[PDB]
Amino acid sequence: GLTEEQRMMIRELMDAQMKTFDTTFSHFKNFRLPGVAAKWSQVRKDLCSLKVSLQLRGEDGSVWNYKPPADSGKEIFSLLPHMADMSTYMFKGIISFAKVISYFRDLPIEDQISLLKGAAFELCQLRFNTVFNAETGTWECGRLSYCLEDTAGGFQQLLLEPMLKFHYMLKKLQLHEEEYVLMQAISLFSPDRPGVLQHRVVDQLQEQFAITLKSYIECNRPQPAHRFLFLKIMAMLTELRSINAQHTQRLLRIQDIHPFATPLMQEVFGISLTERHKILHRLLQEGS
Amino acid sequence: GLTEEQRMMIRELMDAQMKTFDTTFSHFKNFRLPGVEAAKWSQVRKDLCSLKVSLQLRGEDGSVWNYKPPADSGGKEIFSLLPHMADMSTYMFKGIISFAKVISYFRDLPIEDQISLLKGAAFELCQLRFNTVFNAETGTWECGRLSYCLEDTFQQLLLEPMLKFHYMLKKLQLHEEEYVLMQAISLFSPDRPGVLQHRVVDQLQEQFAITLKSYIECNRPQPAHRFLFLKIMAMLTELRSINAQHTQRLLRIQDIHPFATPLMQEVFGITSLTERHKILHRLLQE
Ligand SMILES: CCC[C@H](CC)Oc1ccc(C(=O)OC)cc1NC(=O)c1nnn(-c2cc(OC)ccc2OC)c1C
Ligand SMILES: CCC[C@H](CC)Oc1ccc(C(=O)OC)cc1NC(=O)c1nnn(-c2cc(OC)ccc2OC)c1C
């Protein structure tokens, strides 16, 4: 059903995903852990929305479990250094993912920086959804797991958070690996990211990935449960871009109050294009 | 009531306990934590499995770290909590050494008898202090910010003599004065290995036991507590048996997997009485 170029396009994306996604997080080490005016009132309401407990299962069978403090002053920033290290590690895998794709490495190094800069959060969330357990509200990251804390309204209150609603909605679609990796490609090759110069070239690339996704779905999903699935996916990607803008502003408000971002994260935000992104520029020039 | 010599005897023991028992464990810091020949090994596995506890660490901000031990998979995994317990035992024993140094009857003994008594009573006095922070309802030793909770495997727990001791002793609901008198009777044991002033230590132990017996007769409703003193003495006899069983237990583990601190090494037979106990000798002369 798929064309030969579309089959090869899916094969390269799937191969890149396998080579660059550490699903067991076995190489995630040396991370930080919680030790053994209205800007504050605005910041406090953001962190509590996505409260998680941290669990670490050792290779021997032991389990360390961290329950966060129940308050809202600097105790709300206890897990941010760890989540920053976790986010940075996921982003380095995202950078490697883009470097393996032939359509990406042929772009100018400044556009490669701009595309990764604008899609860092989005591709991280797409990979996070593949390890999200919707029944337990837990992201299962190999030895580490992040379990959402219960609340009064239960499922109702937590779903008001658009980031959590995105993960539950996307998980309900029961996407295949091929559909996830095509979403990552469509988000990565966004022609309207700030700083992009080859707008038309990136725009032509994005359209071919979307056409391939539509063709893949029509060849492998006949059930009425998957009606309009391609348009649902494209709608989810538009929603994810909106969530990216809102959560980037949350982080900068928190970085204002309590600095926590890693040097690579600081490059992604605001905290010569190659001069302001020395780490990303180096990682893009290195091999894999 | 008590005689004047017996009332002052209890006052000195309570004074020593107050000054040397960190009941909140506020000064227990910088301890190690679990990170993130087959015949001798076969016995060691059966040794550690009986007393498995989860470690809970409460932070000043309200957060809680909890450690669940791994199940026996046949390796060095069953040694995960030994560095931490070695640090806890070392900290408790330094408080036990300071407790004995406050007692006038103990300072008047030769330094070699002081070493032998503390060496033989180290485990016993530590368990006696541990029982005062043991919550029998939850099976947890509450050590300030630290908690050690017995892992569910109750009738089966009572097969282990160490756990049966803490449940039975806690059920007696002893006073602070009765606990510290138990510590004195255990500390002044004349039949410890290496003791030379047998007659002097025996007479001291008898005076403490008579003081405890007289304290119970005067401060508790008779005849309801008619046999409480004999129950306490029976608990002390069982504790001496548990001490010998777990000393041999530690030696077997230390042989295949060294974990004991330098002060612990002096407590057991790990390598003149003062020459083989230079740390203990130093802590006693300071
Ligand atoms: C494995 C966890 C999955 C779950 C999915 C929602 O995630 C969390 C759960 C809980 C918390 C939390 O309890 O907070 C203390 C925070 C996050 N999530 C980020 O911490 C985070 N996710 N993405 N990014 C990010 C990364 C960037 O490039 C490196 C750029 C911008 C970013 O965000 C604006 C961050 C900091
Ligand atoms: C802190 C909670 C109290 C609880 C009471 C049973 O304690 C444990 C809980 C759990 C374990 C455990 O899960 O095992 C890895 C082990 C012990 N208990 C000792 O670790 C231990 N208690 N006393 N001593 C010791 C000390 C000596 O000098 C003071 C001399 C000899 C000793 O033993 C032969 C040790 C090593």
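As a basis for the values below, the full set of heavy atoms in this structure was taken, side chains included, without hydrogen atoms, waters or symmetry mates. To find a chain, count down the sequence lines: A is the first, B the second, and so on, and within it residues start at 1. Note that ligands are numbered from 1 as they come in the structure, with each ligand's atoms numbered from 1 the same way.
Between the side chains of A:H27 and A:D22, no donor-acceptor pair of N or O atoms lies under 3.5 Å. Judged by distance alone, the side chains of A:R253 and A:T248 never bring a donor and an acceptor atom under 3.5 Å apart. There is no side-chain donor-acceptor pair under 3.5 Å between B:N66 and A:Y66. In summary, the side chains of B:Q183 and B:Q17 do present a donor paired with an acceptor at a separation below 3.5 Å, with no hydrogens or angles considered. Side chains of B:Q56 and B:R58: a donor-acceptor N/O pair is present below 3.5 angstrom, by distance only. There is no side-chain donor-acceptor pair under 3.5 Å between A:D85 and A:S87. With 3.5 Å as the limit, one finds a donor-acceptor pair spanning the side chains of B:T20 and B:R129. A:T138 and A:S145 share no side-chain donor-acceptor pair at under 3.5 Å. B:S189 and B:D191 share no side-chain donor-acceptor pair at under 3.5 Å.
Between B:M92 and ligand 2 there is no heavy-atom distance shorter than 4.0 Å. By the 4.0 Å heavy-atom criterion, A:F269 is counted among the residues contacting ligand 1. For the ligand labelled ligand 1, residue A:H82 lies outside the 4.0 Å heavy-atom shell. Ligand 1 is approached by A:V52 to a heavy-atom distance shorter than 4.0 Å.
Taking a cut-off of under 4.0 Å to the non-hydrogen atoms of A:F121, the atoms of ligand 1 that pass are 23 (N), 24 (N), 25 (C), 31 (C), 32 (C), 33 (O), 34 (C). Residue-ligand proximity, B:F93 to ligand 2, at heavy-atom distances under 4.0 Å covers atoms 29 (C). Here is the list of ligand 1 atoms found below 4.0 Å of a heavy atom in A:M265: 29 (C). Atoms of ligand 1 found under 4.0 Å from any heavy atom of A:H247 (numbered from 1 in listed order, with element): 34 (C).
Residue-level proximity to ligand 1 for A:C124 is absent, since no heavy atom of it falls below 4.0 angstrom. Residue contacts with ligand 2 for B:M162 involve side-chain atoms from C-beta outward but no N, CA, C or O (heavy atoms, distance under 4.0 Å).
Of the listed residues (B:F134, B:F25, B:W141), the one carrying the non-hydrogen atom nearest atom 3 (C) of ligand 2 is B:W141. Checking B:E160, B:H166, B:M85 against atom 7 (O) of ligand 2, the nearest heavy atom belongs to B:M85.
For ligand 2, the polar-atom distance check finds no N/O of B:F268 at less than 3.5 Å from any of the ligand's N/O atoms. At a 3.5 angstrom cut-off on N or O pairs, A:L50 counts as close to ligand 1. Between A:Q125 and ligand 1, an N or O atom pair is found at a separation short of 3.5 Å.
Residue pairs meeting the salt bridge (charged side-chain N to carboxylate O under 4.0 Å, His left out) criterion with at least one partner in residues 116-128 of chain B, sequence neighbours excluded, are B:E124-B:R192.
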